[PDB]
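Have a look at the structure below before the remarks.
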Amino acid sequence: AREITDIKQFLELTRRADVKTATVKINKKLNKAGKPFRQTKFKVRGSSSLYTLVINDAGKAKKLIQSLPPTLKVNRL
Amino acid sequence: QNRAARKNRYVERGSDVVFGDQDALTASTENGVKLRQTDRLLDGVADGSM
Amino acid sequence: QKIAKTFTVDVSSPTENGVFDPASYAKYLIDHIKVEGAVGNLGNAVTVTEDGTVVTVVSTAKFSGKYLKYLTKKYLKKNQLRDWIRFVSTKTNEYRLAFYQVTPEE
Amino acid sequence: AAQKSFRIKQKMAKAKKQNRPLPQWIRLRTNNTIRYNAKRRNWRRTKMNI
Amino acid sequence: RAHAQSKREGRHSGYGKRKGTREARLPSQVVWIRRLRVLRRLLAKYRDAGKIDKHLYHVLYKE
RNA sequence: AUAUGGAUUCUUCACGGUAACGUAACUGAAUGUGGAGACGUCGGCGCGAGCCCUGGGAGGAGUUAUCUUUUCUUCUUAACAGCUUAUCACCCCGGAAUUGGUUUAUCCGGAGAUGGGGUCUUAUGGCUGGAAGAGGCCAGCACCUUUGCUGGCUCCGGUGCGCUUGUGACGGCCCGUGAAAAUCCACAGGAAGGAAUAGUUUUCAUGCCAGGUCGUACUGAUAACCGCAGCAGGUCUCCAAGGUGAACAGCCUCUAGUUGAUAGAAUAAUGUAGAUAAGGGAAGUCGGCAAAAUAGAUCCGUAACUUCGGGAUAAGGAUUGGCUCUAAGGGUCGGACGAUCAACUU
RNA sequence: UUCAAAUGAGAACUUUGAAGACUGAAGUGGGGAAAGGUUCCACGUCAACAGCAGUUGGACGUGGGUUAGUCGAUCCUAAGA
């Protein structure tokens with residue numbers, strides 16, 4: 001497994017054309033120790049390794065789901 | 001109690017009528033084996049007299 | 001600073017049958033609870049208040065859900081209601097007395 | 001043992017298949033001298049010495 | 001726990017209860033090494049904070 | 001096997017840092033040289049892991065004649081990957097007697113110490129990915145069914161001459177100085193090979209294909225091995241909880257595992273194993289044989305002889321429970337003191 | 001060691017439950033090497049064996065069960081052959 005920070009690098013992996021399936025994941029966590037917030041994790045099945053991208057904000061998460069290609073298979077939770 | 005007692009009791013199905021008193025359809029063969037299995041004592045001889 | 005903690009014991013299924021009563025239970029709690037030593041000190045650290053369906057206790061002072069469960073089973077043994085009633089948590093700080101399984105006789 | 005040769009294993013296999021009592025259809029034959037299996041083995045009683 | 005709590009107070013400690021040599025109970029070398037390290041790093045922080053000078057530090061180190 | 005991406009090249013075979021060295025890359029045949037593989041035991045000292053001990057909160061179980069904010073239990077995180085981290089060692093600046101630094105252990109410095117600023121290994125630890133979807137602990141519905149179905153919580157800390165183990169840097173020991181080879185890598189060398197209209201790099205990245213043969217159950221012993229046996233015998237090794245205590249001694253417990261050894265009824269003599277005994281105290285016996293007595297720890301004290309190391313725990317004395325106190329012995333941070341946190345020794 | 005129920009013609013010895021104890025992490029625990037070779041597990045079943053018994057079994061009868069690029073062997077050398 002291999003984390004990615006950058007958003008541009010994730011969009012390259014989706015167009016790489018070995019990646020048959022992706023999967024989205026949603027987790028409840030608590031920031032600092034103040035309040036809850038809804039994390040997301042966009043994982044993508046490479047041939048060798050599993051690349052993943054942790055987005056904390058819920059607003060940026062929902063635009064990212066649309067920003068995936070339609071031809072790629074996507075799988076919720 | 002009486003709510004439970006009137007809920008729990010049963011219609012008695014068809015299988016109870018035919019197989020209440022009955023038992024042992026296809027009796028237990030002498031080796032104690034399943035239908036496809038083989039038993040090399042009694043594969044050779046066919047019949048209970050022999 | 002101190003930050004209060006509501007705890008809510010339902011007693012519906014015992015009370016409707018009439019083995020149990022909220023009034024003696026709310027009477028039993030309010031004296032037997034201990035803060036900072038010993039019994040019978042508790043002005044405004046806690047406030048035990050029955051409705052009838054649900055009993056409610058709210059504590060700015062040191063108090064826990066296990067200590068509430070402790071004092072209930074202490075009370076239930078006093079009435080010989082252990083073996084037939086048990087203290088349960090449905091949600092966090094949200095408790096209710098439920099009868100055990102109990103088969104029908106017939 | 002639990003780390004056998006193939007050859008040692010091969011001889012256990014022959015020893016397993018030989019380990020059986022007499023088929024009952026052989027009792028019934030014309031001029032049956034043979035009554036029981038006289039070269040039967042058991043793990044406790046006799047060590048096969050590989 | 002109750003026996004451990006009385007041992008913290010200084011109870012069940014006396015000559016009757018003890019069945020080991022002083023070294024077996026607490027080694028003499030450990031008592032030295034605790035002590036000598038403590039006297040060492042006292043003199044370290046006095047030197048660098050500059051209560052004591054370096055010439056007197058060198059004498060007290062060997063003492 | 002190759003093919004795209006990146007890098008490199010018209011100064012063809014990368015740049016940066018004073019330097020230790022650094023980075024995603026950054027041609028290389030013969031031959032040669034070097035490292036890894038590659039290694040004793042003992043001793044303490046540091047660091048890590050697992051276990052032990054311990055507090056708050058969220059669940060579950062037991063106790064409740066009287067007392068107990070109580071007793072027990074669950075709250076977990078793999079290989080692998082990417083960032084980051086350490087003793088030793090090394091580099092630069094600078095020039096030390098009024099000699100300084102420093103380990104539990106006294107070794108180091110004009111062959112350049114102390115000091116200040118760096119570079120490196122990544123055992124090990126940390127942080128995210130793996131990964132909560134898993135696992136664990138609870139709650140509630142459907143019901144002849146060989147059946148599903150749905151909710152929660154899974155959190156935040158602390159302590160140490162602790163135990164087991166791994167590793168580090170040191171020290172002791174010898175007329176003992178404690179394997180080899182496969183395999184892999186590096187360095188020196190430069191045979192030669194590559195561009196300006198497109199080549200060179202498959203030790204950077206991603207992608208494609210493939211991985212045969214044989215062993216794999218179970219016991220490992222007061223019934224599976226060897227003693228003619230389902231024989232009180234013999235047979236190599238790993239894991240290893242709580243208390244008492246110096247202790248992997250003995251004694252009692254938790255997890256796990258047994259409850260197997262022909263039974264029943266009486267309680268004669270003689271036995272086997274084990275105890276006690278008035279007064280005397282070896283009169284017993286070939287012979288104090290066998291029992292008895294002594295025993296742990298602390299303090300006082302300790303002869304002859306001696307190869308000066310010993311003899312020595314010589315001998316011989318005074319003590320030890322329980323409780324409630326007093327006294328001394330540390331750490332942590334920010335500049336004469338003050339706050340706060342902890343160990344079991346005397 | 002004891003009490004009940006179940007099974008069965010038959011129970012001091014099988015099974016489940018209820019009690020009382022033991023081994024007491026240098027184990028009557030959990031895994032392996034040598035050696036054994038199916039003893040593992042299920043169903044059926046008691047003539048003989050289990051120095052009493054037996055409905056029980058490592059017994060008797062019939063079956064099922066051991067899946068590897070990564071754990072081993074294979075490869076390397078040791079004393080030696």
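Identifiers in the structure tokens: chain A, B, ... in order shown; residue index from 1 per chain; ligand index from 1 in order shown.
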Report task. From the DSSP assignment of the backbone, select every residue of chain E that is alpha helix (DSSP H), and format the answer as JSON, numbers by chain. Result -> {"E": [2, 3, 4, 5, 6, 7, 8, 9, 22, 23, 24, 25, 28, 29, 30, 31, 32, 33, 34, 35, 36, 37, 38, 39, 40, 41, 42, 43, 44, 45, 46, 47, 48, 49, 54, 55, 56, 57, 58, 59, 60, 61, 62]}
So which residues touch residue A:3 within 12 Å, counting only C-alpha atoms (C1' of nucleotides), skipping near sequence neighbours fewer than 5 positions away, as a PDB file with N, CA and C atoms (P, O5', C5', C4', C3', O3' and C1' of nucleotides), in the first residue's frame?
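Result written to out.pdb:
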```
ATOM      1  N   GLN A   9      -1.656  13.945  -9.022  1.00  0.00           N
ATOM      2  CA  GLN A   9      -1.080  12.604  -9.188  1.00  0.00           C
ATOM      3  C   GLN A   9      -2.128  11.482  -9.163  1.00  0.00           C
ATOM      4  N   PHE A  10      -3.212  11.686  -8.412  1.00  0.00           N
ATOM      5  CA  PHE A  10      -4.317  10.720  -8.337  1.00  0.00           C
ATOM      6  C   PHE A  10      -5.095  10.606  -9.653  1.00  0.00           C
ATOM      7  N   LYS A  41     -11.792   8.197   1.821  1.00  0.00           N
ATOM      8  CA  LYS A  41     -10.572   7.528   1.355  1.00  0.00           C
ATOM      9  C   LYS A  41     -10.784   6.941  -0.040  1.00  0.00           C
ATOM     10  N   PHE A  42     -10.221   7.590  -1.057  1.00  0.00           N
ATOM     11  CA  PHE A  42     -10.350   7.137  -2.446  1.00  0.00           C
ATOM     12  C   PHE A  42      -9.204   6.197  -2.810  1.00  0.00           C
ATOM     13  N   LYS A  43      -9.489   4.894  -2.789  1.00  0.00           N
ATOM     14  CA  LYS A  43      -8.510   3.849  -3.104  1.00  0.00           C
ATOM     15  C   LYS A  43      -8.665   3.387  -4.553  1.00  0.00           C
ATOM     16  N   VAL A  44      -7.551   2.999  -5.180  1.00  0.00           N
ATOM     17  CA  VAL A  44      -7.539   2.552  -6.585  1.00  0.00           C
ATOM     18  C   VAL A  44      -6.608   1.352  -6.784  1.00  0.00           C
ATOM     19  N   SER A  49       0.413  -2.418  -6.733  1.00  0.00           N
ATOM     20  CA  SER A  49       0.142  -1.803  -5.424  1.00  0.00           C
ATOM     21  C   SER A  49      -1.188  -1.053  -5.374  1.00  0.00           C
ATOM     22  N   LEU A  50      -1.640  -0.789  -4.147  1.00  0.00           N
ATOM     23  CA  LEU A  50      -2.917  -0.123  -3.871  1.00  0.00           C
ATOM     24  C   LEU A  50      -2.679   1.340  -3.488  1.00  0.00           C
ATOM     25  N   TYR A  51      -2.937   2.246  -4.431  1.00  0.00           N
ATOM     26  CA  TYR A  51      -2.756   3.683  -4.215  1.00  0.00           C
ATOM     27  C   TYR A  51      -4.010   4.277  -3.576  1.00  0.00           C
ATOM     28  N   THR A  52      -3.823   5.223  -2.655  1.00  0.00           N
ATOM     29  CA  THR A  52      -4.927   5.787  -1.862  1.00  0.00           C
ATOM     30  C   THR A  52      -4.708   7.268  -1.532  1.00  0.00           C
ATOM     31  N   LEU A  53      -5.816   7.957  -1.267  1.00  0.00           N
ATOM     32  CA  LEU A  53      -5.849   9.416  -1.151  1.00  0.00           C
ATOM     33  C   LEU A  53      -6.844   9.827  -0.065  1.00  0.00           C
ATOM     34  N   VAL A  54      -6.332  10.429   1.006  1.00  0.00           N
ATOM     35  CA  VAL A  54      -7.136  10.781   2.175  1.00  0.00           C
ATOM     36  C   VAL A  54      -7.541  12.255   2.079  1.00  0.00           C
ATOM     37  N   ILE A  55      -8.837  12.508   1.876  1.00  0.00           N
ATOM     38  CA  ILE A  55      -9.397  13.866   1.869  1.00  0.00           C
ATOM     39  C   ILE A  55     -10.248  14.067   3.123  1.00  0.00           C
TER      40      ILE A  55
ATOM     41  P     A F  81       9.375  -3.150   2.222  1.00  0.00           P
ATOM     42  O5'   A F  81       8.447  -1.918   1.833  1.00  0.00           O
ATOM     43  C5'   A F  81       8.035  -1.718   0.469  1.00  0.00           C
ATOM     44  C4'   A F  81       7.111  -0.530   0.367  1.00  0.00           C
ATOM     45  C3'   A F  81       7.697   0.811   0.789  1.00  0.00           C
ATOM     46  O3'   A F  81       8.536   1.357  -0.226  1.00  0.00           O
ATOM     47  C1'   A F  81       5.527   0.573   1.694  1.00  0.00           C
ATOM     48  P     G F  82       9.811   2.247   0.165  1.00  0.00           P
ATOM     49  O5'   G F  82       9.160   3.631   0.611  1.00  0.00           O
ATOM     50  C5'   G F  82       8.509   4.482  -0.353  1.00  0.00           C
ATOM     51  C4'   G F  82       7.814   5.635   0.334  1.00  0.00           C
ATOM     52  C3'   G F  82       8.694   6.545   1.178  1.00  0.00           C
ATOM     53  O3'   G F  82       9.399   7.485   0.368  1.00  0.00           O
ATOM     54  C1'   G F  82       6.703   6.027   2.360  1.00  0.00           C
ATOM     55  P     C F  83      10.652   8.294   0.969  1.00  0.00           P
ATOM     56  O5'   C F  83      10.003   9.103   2.178  1.00  0.00           O
ATOM     57  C5'   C F  83      10.687  10.190   2.833  1.00  0.00           C
ATOM     58  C4'   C F  83       9.789  10.814   3.882  1.00  0.00           C
ATOM     59  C3'   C F  83      10.446  11.155   5.214  1.00  0.00           C
ATOM     60  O3'   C F  83      11.078  12.433   5.193  1.00  0.00           O
ATOM     61  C1'   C F  83       8.480   9.921   5.620  1.00  0.00           C
ATOM     62  P     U F 128      -0.757   8.434  13.226  1.00  0.00           P
ATOM     63  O5'   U F 128      -0.878   8.102  11.673  1.00  0.00           O
ATOM     64  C5'   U F 128      -1.811   8.804  10.829  1.00  0.00           C
ATOM     65  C4'   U F 128      -1.373   8.766   9.383  1.00  0.00           C
ATOM     66  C3'   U F 128      -1.843   7.577   8.563  1.00  0.00           C
ATOM     67  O3'   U F 128      -3.215   7.644   8.183  1.00  0.00           O
ATOM     68  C1'   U F 128       0.427   8.002   8.084  1.00  0.00           C
ATOM     69  P     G F 129      -4.063   6.293   7.979  1.00  0.00           P
ATOM     70  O5'   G F 129      -3.373   5.622   6.708  1.00  0.00           O
ATOM     71  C5'   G F 129      -3.572   6.159   5.384  1.00  0.00           C
ATOM     72  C4'   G F 129      -2.772   5.389   4.356  1.00  0.00           C
ATOM     73  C3'   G F 129      -3.146   3.929   4.165  1.00  0.00           C
ATOM     74  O3'   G F 129      -4.329   3.748   3.393  1.00  0.00           O
ATOM     75  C1'   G F 129      -0.798   4.124   4.277  1.00  0.00           C
ATOM     76  P     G F 130      -5.475   2.743   3.901  1.00  0.00           P
ATOM     77  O5'   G F 130      -4.711   1.348   4.019  1.00  0.00           O
ATOM     78  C5'   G F 130      -4.523   0.495   2.872  1.00  0.00           C
ATOM     79  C4'   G F 130      -3.677  -0.706   3.231  1.00  0.00           C
ATOM     80  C3'   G F 130      -4.321  -1.741   4.135  1.00  0.00           C
ATOM     81  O3'   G F 130      -5.239  -2.578   3.438  1.00  0.00           O
ATOM     82  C1'   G F 130      -2.109  -1.330   4.857  1.00  0.00           C
TER      83        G F 130
END
```
**Report entry** Contacts of residue C:67 at 10 Å (only C-alpha atoms (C1' of nucleotides); same-chain gap of 3+ positions) as a PyMOL selection string
**Finding:** (chain C and resi 33-34+63-64+70-72) or (chain F and resi 69-70)
Report task. Return as number ranges by chain the residues belonging to chain B that are within 7 Å of chain C, counting only C-alpha atoms. Result -> B: 1, 4-5
Requested in this report: Choose the residue, out of A:77, A:4, A:45, A:66, that has the smallest atom-to-atom separation from residue A:22; count only C-alpha atoms.
Outcome: A:45
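Between atom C1' of residue F:193 and atom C1' of residue F:16 the interatomic distance comes to 29.4 Å.
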Neighbours of residue B:30 within 10 Å (only C-alpha atoms (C1' of nucleotides); same-chain residues fewer than 4 positions away dropped), as a PDB file with N, CA, C and O atoms (P, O5', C5', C4', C3', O3' and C1' of nucleotides), in the first residue's frame?
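Saved the output as out20.pdb:
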```pdb
ATOM      1  N   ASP B  39     -18.292 -51.235   0.587  1.00  0.00           N
ATOM      2  CA  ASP B  39     -17.932 -52.014   1.773  1.00  0.00           C
ATOM      3  C   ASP B  39     -17.485 -53.426   1.375  1.00  0.00           C
ATOM      4  O   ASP B  39     -18.309 -54.271   1.008  1.00  0.00           O
ATOM      5  N   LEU B  42     -19.029 -56.881   1.920  1.00  0.00           N
ATOM      6  CA  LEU B  42     -20.376 -57.239   1.474  1.00  0.00           C
ATOM      7  C   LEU B  42     -20.753 -56.663   0.098  1.00  0.00           C
ATOM      8  O   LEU B  42     -21.929 -56.677  -0.270  1.00  0.00           O
TER       9      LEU B  42
ATOM     10  P     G G  44     -24.017 -44.519  14.198  1.00  0.00           P
ATOM     11  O5'   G G  44     -23.615 -46.014  13.828  1.00  0.00           O
ATOM     12  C5'   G G  44     -24.343 -46.741  12.821  1.00  0.00           C
ATOM     13  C4'   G G  44     -23.657 -48.050  12.516  1.00  0.00           C
ATOM     14  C3'   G G  44     -23.554 -49.039  13.670  1.00  0.00           C
ATOM     15  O3'   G G  44     -24.738 -49.815  13.838  1.00  0.00           O
ATOM     16  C1'   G G  44     -21.476 -48.894  12.531  1.00  0.00           C
ATOM     17  P     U G  45     -25.058 -50.510  15.253  1.00  0.00           P
ATOM     18  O5'   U G  45     -23.727 -51.327  15.573  1.00  0.00           O
ATOM     19  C5'   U G  45     -23.627 -52.757  15.396  1.00  0.00           C
ATOM     20  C4'   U G  45     -22.317 -53.270  15.956  1.00  0.00           C
ATOM     21  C3'   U G  45     -22.269 -53.432  17.468  1.00  0.00           C
ATOM     22  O3'   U G  45     -22.804 -54.693  17.873  1.00  0.00           O
ATOM     23  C1'   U G  45     -20.315 -52.302  16.707  1.00  0.00           C
ATOM     24  P     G G  61     -11.106 -55.830  11.468  1.00  0.00           P
ATOM     25  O5'   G G  61     -12.469 -55.261  10.873  1.00  0.00           O
ATOM     26  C5'   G G  61     -13.572 -56.142  10.592  1.00  0.00           C
ATOM     27  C4'   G G  61     -14.733 -55.385   9.990  1.00  0.00           C
ATOM     28  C3'   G G  61     -14.402 -54.328   8.946  1.00  0.00           C
ATOM     29  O3'   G G  61     -14.176 -54.882   7.654  1.00  0.00           O
ATOM     30  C1'   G G  61     -15.950 -53.446  10.494  1.00  0.00           C
ATOM     31  P     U G  62     -13.340 -54.059   6.562  1.00  0.00           P
ATOM     32  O5'   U G  62     -14.272 -52.802   6.259  1.00  0.00           O
ATOM     33  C5'   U G  62     -15.360 -52.890   5.322  1.00  0.00           C
ATOM     34  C4'   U G  62     -16.068 -51.559   5.187  1.00  0.00           C
ATOM     35  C3'   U G  62     -15.270 -50.430   4.559  1.00  0.00           C
ATOM     36  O3'   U G  62     -15.186 -50.555   3.143  1.00  0.00           O
ATOM     37  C1'   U G  62     -16.469 -49.615   6.432  1.00  0.00           C
TER      38        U G  62
END
```
Query - Expected answer as an NGL selection string: strand (DSSP E) residues in chain C - result: :C and (5-10 or 46-50 or 54-59 or 85-91 or 94-99)
Requested in this report: Compute the set of chain B residues within 8 Å of chain D, using only C-alpha atoms, and express it as a list in words.
Outcome: residues 40, 41, 42, 44 and 45 of chain B
Name the residues in contact with residue B:37 at a cut-off of 12 Å, using only C-alpha atoms (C1' of nucleotides), excluding same-chain residues fewer than 5 positions from it; report them as a PDB file with N, CA and C atoms (P, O5', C5', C4', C3', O3' and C1' of nucleotides), in the first residue's frame.
```pdb
ATOM      1  N   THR B  29     -28.051 -50.195   7.013  1.00  0.00           N
ATOM      2  CA  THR B  29     -27.297 -51.365   6.536  1.00  0.00           C
ATOM      3  C   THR B  29     -26.136 -51.747   7.465  1.00  0.00           C
ATOM      4  N   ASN B  31     -22.869 -52.731   7.741  1.00  0.00           N
ATOM      5  CA  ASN B  31     -21.623 -51.976   7.932  1.00  0.00           C
ATOM      6  C   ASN B  31     -21.827 -50.611   8.594  1.00  0.00           C
ATOM      7  N   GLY B  32     -22.937 -49.943   8.276  1.00  0.00           N
ATOM      8  CA  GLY B  32     -23.213 -48.591   8.770  1.00  0.00           C
ATOM      9  C   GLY B  32     -22.638 -47.540   7.843  1.00  0.00           C
ATOM     10  N   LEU B  42     -19.029 -56.881   1.920  1.00  0.00           N
ATOM     11  CA  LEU B  42     -20.376 -57.239   1.474  1.00  0.00           C
ATOM     12  C   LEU B  42     -20.753 -56.663   0.098  1.00  0.00           C
ATOM     13  N   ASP B  43     -19.772 -56.163  -0.656  1.00  0.00           N
ATOM     14  CA  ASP B  43     -19.957 -55.903  -2.096  1.00  0.00           C
ATOM     15  C   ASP B  43     -20.165 -57.187  -2.906  1.00  0.00           C
TER      16      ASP B  43
ATOM     17  P     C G  43     -20.328 -39.907  14.675  1.00  0.00           P
ATOM     18  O5'   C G  43     -21.065 -41.142  13.990  1.00  0.00           O
ATOM     19  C5'   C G  43     -21.994 -40.942  12.908  1.00  0.00           C
ATOM     20  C4'   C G  43     -21.977 -42.116  11.958  1.00  0.00           C
ATOM     21  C3'   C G  43     -22.232 -43.487  12.561  1.00  0.00           C
ATOM     22  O3'   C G  43     -23.605 -43.696  12.879  1.00  0.00           O
ATOM     23  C1'   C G  43     -20.435 -43.627  11.042  1.00  0.00           C
ATOM     24  P     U G  62     -13.340 -54.059   6.562  1.00  0.00           P
ATOM     25  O5'   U G  62     -14.272 -52.802   6.259  1.00  0.00           O
ATOM     26  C5'   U G  62     -15.360 -52.890   5.322  1.00  0.00           C
ATOM     27  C4'   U G  62     -16.068 -51.559   5.187  1.00  0.00           C
ATOM     28  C3'   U G  62     -15.270 -50.430   4.559  1.00  0.00           C
ATOM     29  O3'   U G  62     -15.186 -50.555   3.143  1.00  0.00           O
ATOM     30  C1'   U G  62     -16.469 -49.615   6.432  1.00  0.00           C
ATOM     31  P     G G  63     -14.182 -49.625   2.302  1.00  0.00           P
ATOM     32  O5'   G G  63     -14.871 -48.193   2.376  1.00  0.00           O
ATOM     33  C5'   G G  63     -14.117 -46.991   2.158  1.00  0.00           C
ATOM     34  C4'   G G  63     -14.922 -45.804   2.621  1.00  0.00           C
ATOM     35  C3'   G G  63     -14.186 -44.474   2.637  1.00  0.00           C
ATOM     36  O3'   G G  63     -14.302 -43.847   1.364  1.00  0.00           O
ATOM     37  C1'   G G  63     -15.134 -44.854   4.755  1.00  0.00           C
ATOM     38  P     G G  64     -13.026 -43.172   0.672  1.00  0.00           P
ATOM     39  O5'   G G  64     -12.911 -41.771   1.420  1.00  0.00           O
ATOM     40  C5'   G G  64     -13.996 -40.823   1.388  1.00  0.00           C
ATOM     41  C4'   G G  64     -13.866 -39.831   2.519  1.00  0.00           C
ATOM     42  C3'   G G  64     -12.582 -39.019   2.537  1.00  0.00           C
ATOM     43  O3'   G G  64     -12.665 -37.930   1.622  1.00  0.00           O
ATOM     44  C1'   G G  64     -13.006 -39.866   4.705  1.00  0.00           C
TER      45        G G  64
END
```
Mind dumping a table of every chain D residue within 8 Å of chain G, with the nearest atom pair and its distance in Å to one decimal, using only C-alpha atoms (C1' of nucleotides), sorted by chain and rising number, as CSV?
```
residue,atom,partner,partner_atom,distance
D:1,CA,G:35,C1',7.6
D:12,CA,G:37,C1',6.5
D:43,CA,G:37,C1',7.2
```
Keeping only N, CA and C atoms, take the residues you just selected and write them out as a PDB file, in the first residue's frame.
```pdb
ATOM      1  N   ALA D   1       9.890 -38.850   9.857  1.00  0.00           N
ATOM      2  CA  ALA D   1       8.419 -39.031  10.006  1.00  0.00           C
ATOM      3  C   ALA D   1       7.754 -37.704  10.344  1.00  0.00           C
ATOM      4  N   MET D  12       4.397 -47.421   2.939  1.00  0.00           N
ATOM      5  CA  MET D  12       3.218 -47.242   3.802  1.00  0.00           C
ATOM      6  C   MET D  12       1.905 -47.417   3.044  1.00  0.00           C
ATOM      7  N   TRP D  43      -0.393 -51.820  13.576  1.00  0.00           N
ATOM      8  CA  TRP D  43       0.660 -50.885  13.984  1.00  0.00           C
ATOM      9  C   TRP D  43       1.231 -51.182  15.371  1.00  0.00           C
TER      10      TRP D  43
END
```
Query - Nearby residues (only C-alpha atoms (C1' of nucleotides)) at most 12 Å from residue C:96, same-chain spacing under 5 positions excluded, as a PyMOL selection string - result: (chain C and resi 7-15+53-56+68-69+72+85-91) or (chain F and resi 139)
Query raised in the report: Which is closest to chain F among D:29, D:11, D:45, D:19, if we use only C-alpha atoms (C1' of nucleotides)?
Result: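 Using only C-alpha atoms (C1' of nucleotides), chain F sits closest to D:45.
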